[PDB]
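Below you'll find only one chain, the form deposited in one PDB entry, shown as structure tokens.
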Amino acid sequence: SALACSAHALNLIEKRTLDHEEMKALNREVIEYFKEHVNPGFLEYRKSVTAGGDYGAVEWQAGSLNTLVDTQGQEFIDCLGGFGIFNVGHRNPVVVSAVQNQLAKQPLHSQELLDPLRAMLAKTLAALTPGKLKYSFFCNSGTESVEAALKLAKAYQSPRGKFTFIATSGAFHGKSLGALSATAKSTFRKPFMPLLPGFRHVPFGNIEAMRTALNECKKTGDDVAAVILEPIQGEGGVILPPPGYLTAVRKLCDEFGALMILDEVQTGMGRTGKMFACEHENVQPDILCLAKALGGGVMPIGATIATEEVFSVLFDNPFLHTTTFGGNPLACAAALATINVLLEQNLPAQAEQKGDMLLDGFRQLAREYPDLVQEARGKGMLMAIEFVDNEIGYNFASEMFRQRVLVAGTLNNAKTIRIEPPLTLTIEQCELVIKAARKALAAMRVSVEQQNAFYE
């Protein structure tokens, strides 16, 4: 019964330890329910199962700030970081304390009385963001933040006769249908077509191709409402644009009267060595999207911040764009604590130092193993290792997993492995990660050599 299932799960939530028999029963039950009620594809394509040993690797609790402990007591150093969620580590005490304090008062707002933490977070974000960014709309995810940015741009530009949107190939802006029209990967989009009309893509980091697109749109009467881009493409493989590119896009948008939307869902909250990646060139977009790390690794949250000029489209009818849970007190408490931690501990400067050290180590391994590795790239703690092929990349991800270092990479998506550890990763843990990567590459080379000896 649903009653029995819920009671069994509540008992598991209360438990902190599992002996060998309790672990075996739990892991088996979890794998069965993933197969019958979640998605059997997760069992086929995840290294927590393909390289998870006899019982599979099932989550249990956070170990220390930068580690996770599975149901078998295995401790993993976290270099996946939820793809940029865990900037301040796992269960950061300041974030956890803020969420616990707010939970004791009121976790969700009434939807009528003015809610103080929405006002405090909006004020704090206005102080933290560059130039004229002043108003914030709160939501629950990165894709919701991008939907709110596209809607602000539409409400501002439709009365001005502009409806077209330009995005870049390789871009990832979310999977809800509005955000998916800007998202560029063919496999994510094709089954869901037709998407929103008037979305066009140009190569990322190519200013002349962007100018051509905006100019051709102007000549044909399909004037561009907004350009949307990530400062550095995450899902696209940690693709850095040429220096000056973001400043050139800003000038182009000003020239054509298009709004500039910067998607900092992955680069935001200190990851690239500054609070926002737009700060490396001192660029101020018209609309800024945040999510992932803004919730401190404790709550889901998204935020869309804009100038008063753009945001004022929501003033006459404040119910035009809304969300039920967006800006709830628990999420705001987590975000306020995260901003406090990042600034008090100077974690963006730590991301620059640790990211330079890790990227130097990965680049040196790339030089030593050109038979396996193509290139290592990064800015701050947003890094990627590109392998010679998908099979090699998945073998590296699986080997690191067996060495208890968690990295990105699924069975058919592992040619480029993103490395995004918490900004709180210790210097000793940075050294352990490099040592593990070297051991994995050495083991992989031996396996390839032993396969070539058998065939010869």
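Take the two forms, superpose them, and find the largest set of C-alpha atoms that agree within 1.5 Å; that set is the rigid core. Heads up: residue numbers just count along the shown sequence, starting at 1. Residues that one form lacks are left out of the comparison.
169-177 and 382-390 differ in mean CA B-factor, and the higher of the two is recorded for 382-390. For the pair 439-447 and 10-18, the mean Cα B-factor is higher in 439-447. Across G221, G355, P318, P203, the greatest Cα temperature factor reported in the deposited entry is at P318. You'll see in the entry that, of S110, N92, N328, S136, the Cα B factor peaks at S110.
Ranked against the other modelled residues of its chain, the C-alpha B-factor of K292 as given in the entry falls in the lowest third. Among the modelled residues of its chain, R402 has a C-alpha B-factor that falls in the highest third, as given in the PDB entry. Ranked by C-alpha B-factor against the other modelled residues of its chain, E144 falls in the lowest third. The PDB entry assigns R46 a C-alpha temperature factor belonging to the highest third of its chain's modelled residues. Per the deposited record, the Cα B-factor of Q100 falls in the middle third when ranked against the other modelled residues of its chain.
Keep in mind that the form deposited in another entry is missing from the display, and what follows is about it.
Looking at CA displacements between the shown form and the other one with the core superposed, a shift of 2 Å or more is confined, among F34, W60, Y55, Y394, to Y55. The rigid-core alignment places the CA of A414 2 Å or more apart between the shown form and the other one. A change of 3 Å or more separates the two forms for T50 and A397: their C-alpha atoms lie closer together in the other entry. If you compare C-alpha positions, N412 and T71 are 3 angstroms or more farther apart in the other entry than in the form on display. Against the superposed rigid core, the consecutive-residue runs (3 or more long) showing CA movement of at least 2 Å between the shown form and the other one span 47-56, 409-414.
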